[PDB]
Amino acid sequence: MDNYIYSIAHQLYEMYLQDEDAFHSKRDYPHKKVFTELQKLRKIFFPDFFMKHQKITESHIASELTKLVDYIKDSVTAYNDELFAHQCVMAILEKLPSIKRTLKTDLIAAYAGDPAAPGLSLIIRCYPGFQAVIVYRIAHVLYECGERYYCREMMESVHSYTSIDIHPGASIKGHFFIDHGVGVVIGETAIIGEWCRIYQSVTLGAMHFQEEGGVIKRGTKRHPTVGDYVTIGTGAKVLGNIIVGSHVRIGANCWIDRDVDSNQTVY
């Protein structure tokens, strides 16, 4: 695994070197301490914003990547087993370059969708929707390996830190932006296309009225599918195994229970 880490850290470092200036800084930002997965991934993906400049080298990216790998491996092993952990973490490592590319697009979307943002640096440093998506994109790779415990725990850390509630099972394309974010809920089987803009208190999920009865069916597709270029306004509750088309605008406090066709505004 250490040799694969070296190769992945090398690729991520070369990407860092080739990133546009907006993804770089010569500033030494105030040191913060957040939960482990975010702390580590912040340094790995955007070292200029979370490390002293005198320290960014490839070797240091590799060093942080190793600390992260060892931590996730340990946690996956606790809930599962040693072999399953190795395979899942190799899968995360495999996807880190593509995630890095996607996270860049999420930043572009954040700046493009928010008149309050002065530059990418502030989004990177402290935008809660962005902190959540960083961790989500890794948690999802775990889910894709069949893991069902630690990937949820990781997202519950995100949940506590940002009040954004994204199940690791959700599938989310790039140029993704959650603004403000408190009360956002995105379910296990939610599917979200490119250029989705989501506001505070938005649910892309499900409700289960008590059938007593007692014990609800496990899993199955039961959360919305959302197309490209969708904007979901504050307080909107989109519920059930329903399809929202592309280029859809959803108004504030809307209660959506059925399919919504492409190229529409709902209020």
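The numbering used is simple: start at 1 and walk along the sequence shown.
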May I ask you to compare 230 to 238 and 47 to 55 by their mean CA B factor in the entry and name the higher one? 47 to 55
Look up the CA B-factors in the entry and say which stretch, 213 to 221 or 35 to 43, has the higher mean. 213 to 221
Would you please rank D74 by its C-alpha temperature factor against the other modelled residues of its chain and give the third it falls in: lowest, middle or highest? middle
Ranked C-alpha temperature factor of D179 among modelled chain residues, by third: lowest
Taking the C-alpha B-factors as the PDB entry records them, is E194 in the lowest, middle or highest third of its chain? middle
Position of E147 among the chain's modelled residues by C-alpha B-factor, lowest, middle or highest third: lowest
Binned into thirds over the chain's modelled residues, the C-alpha B-factor of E94 lands in the middle
